[PDB]
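Below you'll find only one chain, the form deposited without the partner chain, shown as structure tokens.
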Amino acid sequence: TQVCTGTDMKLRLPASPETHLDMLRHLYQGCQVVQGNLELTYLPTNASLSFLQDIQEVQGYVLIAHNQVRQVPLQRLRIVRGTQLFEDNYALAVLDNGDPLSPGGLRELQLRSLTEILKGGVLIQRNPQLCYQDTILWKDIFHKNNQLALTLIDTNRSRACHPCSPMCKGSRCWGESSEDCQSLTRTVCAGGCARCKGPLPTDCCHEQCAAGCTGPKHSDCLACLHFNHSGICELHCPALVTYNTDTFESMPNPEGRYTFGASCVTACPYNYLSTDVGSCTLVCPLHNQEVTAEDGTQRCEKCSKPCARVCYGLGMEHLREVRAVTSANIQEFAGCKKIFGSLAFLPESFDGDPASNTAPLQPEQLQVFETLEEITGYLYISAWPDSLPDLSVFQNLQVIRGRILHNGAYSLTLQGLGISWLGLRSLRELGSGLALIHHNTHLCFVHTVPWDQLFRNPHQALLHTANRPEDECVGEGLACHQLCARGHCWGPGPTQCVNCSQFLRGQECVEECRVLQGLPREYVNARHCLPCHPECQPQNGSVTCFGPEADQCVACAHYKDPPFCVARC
């Protein structure tokens, strides 16, 4: 996949340092367009970072902070759009990369392709080994309306810099090497030109081009200012529906497209919703209702009768601002099948808050979620009552969509918990986002889950560390039951398999049904043991009944009122 979602933890320290690098790798490997922010923080001195080399565009902002590494391989980065800005100010923030009192710290920026910043400014501070930043003509990189973007640039160093290669147009470079000369694109143009590739008037770029070009065509852009319609840069995407003048009706345009990020698109990508207004979103607008197509596709549509009541999770509607699930809001989930939003359980969830007098949430109360089948956002658990050994309250939970992600990264997170197994036995999908399960000292059955089968795109993975050692779990007999197909389960015993090996009696995976023997006699159906009618007569060695009804027995225990068995005539 060429496209990927960034992150959203800014200067916060990583939740799992042991996995942080590996996380980034899964996130940006081969990625070319970052929907959101590219945050690269706390990277250790010898860290291999080549997974970043394909990135050309960042929708959000770029943050390079608290790193020990000497270089960040971002030579291909062409355009940062600044859809969100760091501290609502900066499109690019390079902070505090240098040893905390041979030496480490970023040495050059080497963003030789960076020629367009649509929105926001630059902040470069406290980087003891950094060179050449004072050298760059920022106003050329800034978009025309951005000239005034604010630019706070610290220069204190702990080393002298070599001079920019004599080869550079000015004395302006992204580093020592001669490949590192800043190419100027906006300021060096013939007439009031937006972007150009050279001094000549015919070297001017197309009006729809963004960073620069290699020709006057809208098919020759280095980036699209607005939308990428299959190589062509355009103001809008070709609309979904055309009005026909010769029939006074609106038949759909076969050329119709959807606006995805900054690119036109045939249909929405996997976890996204298609709107009437022609876009791909992660949320429907007001008056709009989420509707699953007979296939699987999701869509927004207008409500015919004013939209029916719906359960809102944290981060949504009147819970937008709310941080955790507590006694104050637990009721709002009473018998919800689907939660529009997310759920977090923090320590404050479980030890209440006298300052608001919100009572500590009581284990039994967690039973409201027993019906829950779907979460559109994420699920975050950093505290869980020690009296519960697993997360079986979420036994019926099937999908976590991941349309909202904790720290813009994680769709499922379990840390510091003290549960012994998972028990999320219906969980079959993680729509998007990474999963993180760590520092749960007594936790088994992590390896036994087919994470592979649950994910949906290849930028997902399960990061895990510091749980219960695997061979410790087996010593204690905490592994998958005999009867679980392919050795996958969510926990101990035969009610925990992903797929059952033989037959199911309700939820329990069992070797044989009771066809030939056993107290209540059974018939079989789609690998499910099901009970013979109470009026049926049990058999020795032969079959007992052929279906649920009274006409399906081989003999009656009481009276025959053809074709049934009764206790009557």
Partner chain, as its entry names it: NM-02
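Positions refer to the first chain, counted from 1. Whichever C-alpha set is largest while still superposing within 1.5 Å between the two forms counts as the rigid core.
Keep in mind that the form solved in complex with the partner chain is missing from the display, and what follows is about it.
The listed set 327, 426, 271, 183 contains one residue whose heavy atoms approach the partner chain in the bound PDB entry to within 4.5 Å, identified as 183. The contact with the partner chain in the bound PDB entry, taken as any heavy atom within 4.5 Å, belongs to 190 out of 293, 334, 485, 190. For the candidate spot formed by 10, 25 and 30, no residue has a non-hydrogen atom within 4.5 angstroms of the partner chain in the bound PDB entry. With a 4.5 Å cutoff on heavy atoms, residue 354 does not count as touching the partner chain in the bound PDB entry; it lies far away. Shown alone here, residue 172 lies within 4.5 Å of the partner chain in the bound PDB entry, counting heavy atoms only. Taking the partner from elsewhere, residue 267 is found to have every heavy atom lying beyond 4.5 Å of the partner chain in the bound PDB entry. Interface residue remark: residue 200 is counted as part of the site for the partner chain in the bound PDB entry, having a heavy atom within 4.5 Å. The chain is drawn here without the partner chain; in the bound PDB entry, the stretch among 192 to 200, 451 to 459, 426 to 434, 335 to 343 whose residues come within 4.5 Å of it by any heavy atom is 192 to 200. Residues are counted as partner-facing when one of their heavy atoms sits within 4.5 Å of the partner chain in the bound PDB entry; in 400 to 432 not one qualifies. Lining up the core between this form and the one not shown shows that one residue from 235, 241, 293, 148 moves its Cα 2 Å or more, and that residue is 148. With the core superposed, residue 219 shows a C-alpha displacement below 2 Å between this form and the one not shown. The Cα shift for residue 453 between this form and the one not shown, taken after rigid core superposition, is smaller than 2 angstroms. In the core-superposed comparison between this form and the one not shown, the C-alpha atom of residue 171 has shifted by less than 2 angstroms. Distance between the C-alpha atoms of residue 236 and residue 148: shorter in the bound PDB entry than here (change of 3 Å or more). Relative to what is shown, residue 148 and residue 60 are closer in the bound PDB entry; their C-alpha atoms differ in spacing by at least 3 Å.
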